[PDB]
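Structure record follows, encoded as C-alpha cells.
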Amino acid sequence: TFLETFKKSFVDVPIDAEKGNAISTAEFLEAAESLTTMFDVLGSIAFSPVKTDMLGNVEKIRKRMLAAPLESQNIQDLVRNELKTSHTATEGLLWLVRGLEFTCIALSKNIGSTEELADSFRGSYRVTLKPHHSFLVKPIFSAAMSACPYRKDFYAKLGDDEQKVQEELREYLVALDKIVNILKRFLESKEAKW
C-alpha cells in the first residue's frame, strides 16, 4: 500500500506518557514529512502550496533541533528551551499542527462518510486554517481543494485492497489525531506562548 512507503508513520512516533506525553522530535518531523507525500497522491500541483507550507514549518523546527540538539529531543522541551532566546520553531510548530489537523480532519471526515473529497477538505479548512489565513492566502487553499480527485480515484491510488487500505488509514488517522490533540493542548498552554 501507499502508506507502507512512509519513512515514518504517525503510528510509530514515540510518546512518553511519564514525561507529559513528550513527543519525540526526530520521528515526529519525519512523520510530518511523510504525510506531505499524500499531497502528491491528492493533487501534486493543486496541493503544492499546502506541501510547501508544511515542509517549511517542519524545517523551522528541524533547524532549531540541529542547533540545540540536547535541548530539543522532544517537541515540548524543544519549545521550552527555544523560548529562552527566538520563537521561530515554536511558531513553525503552531502552523504545522494546524496543517496536520486540517489534513487529519479532512481525511477522517471523508473515510467516515460518502462526501466528495473536495467537501471534506473544505469543511476541514473552515475549522482549522481558514480563520488564521490572510485574504491573499484563502484563495490559494480554496483553489487547491476544488481540484481534489474523485474519492474513488484517490483510494484506488492508496492500494488495491479497499478493506486493508481503510483499516490501515484509520489506524494512521487515529494516531495522528492523538498527536495533534496533545500538541494543541501544549500550544494553548502558557508554557508555549511568546
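Quick rundown of the values:
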{"item": "The chain: C-alpha gyration tensor shape, a/c 1.5 cut-off, then a/b vs b/c", "result": "prolate"}
{"item": "Amide H within-cut-off set for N74, under 5 Å, with H built and near neighbours excluded", "result": "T25"}
{"item": "Summed residue charge, Cβ within 11 Å of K130's Cβ, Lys/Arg positive, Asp/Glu negative", "result": "+4"}
{"item": "Packing-based ranking, highest mean first, of 32-38, 145-151, 18-24 given that Cβ atoms within 10 Å are counted", "result": "32-38, 145-151, 18-24"}
{"item": "Burial ordering of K152, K157, fewest other beta-carbon atoms within 10 Å first", "result": "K152, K157"}
{"item": "Qualifying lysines (Cα of each under 20 Å from Cα of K164; at least 8 residues distant if same chain)", "result": "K7, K8, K109, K152"}
{"item": "Note, ³J(HN,Hα) from phi for the range 55-66, Karplus 6.51, -1.76, 1.60, rounded to Hz, x at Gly and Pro", "result": "4, x, 6, 3, 5, 3, 6, 4, 4, 5, 3, 4"}
{"item": "Burial ranking of peptide ranges 10-17, 59-66 (average Cβ count within 10 Å, highest at the top)", "result": "59-66, 10-17"}
{"item": "Two-site label geometry, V41 and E116: point separation in nm, points 7 Å out along Cα→Cβ", "result": "2.1 nm"}
{"item": "Residue-span extension gain [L136 to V174] - 0.36 nm each, minus C-alpha spacing", "result": "10.4 nm"}
{"item": "For peptides 122-128, 95-101, sequence by mean Cβ density within 10 Å, most packed first", "result": "95-101, 122-128"}
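Ideal geometry is used to build each Cβ from the backbone, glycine not excepted, and the neighbour counts take in all protein chains shown. The numbers here are math on the coordinates, done by the rules we state, and not lab data.
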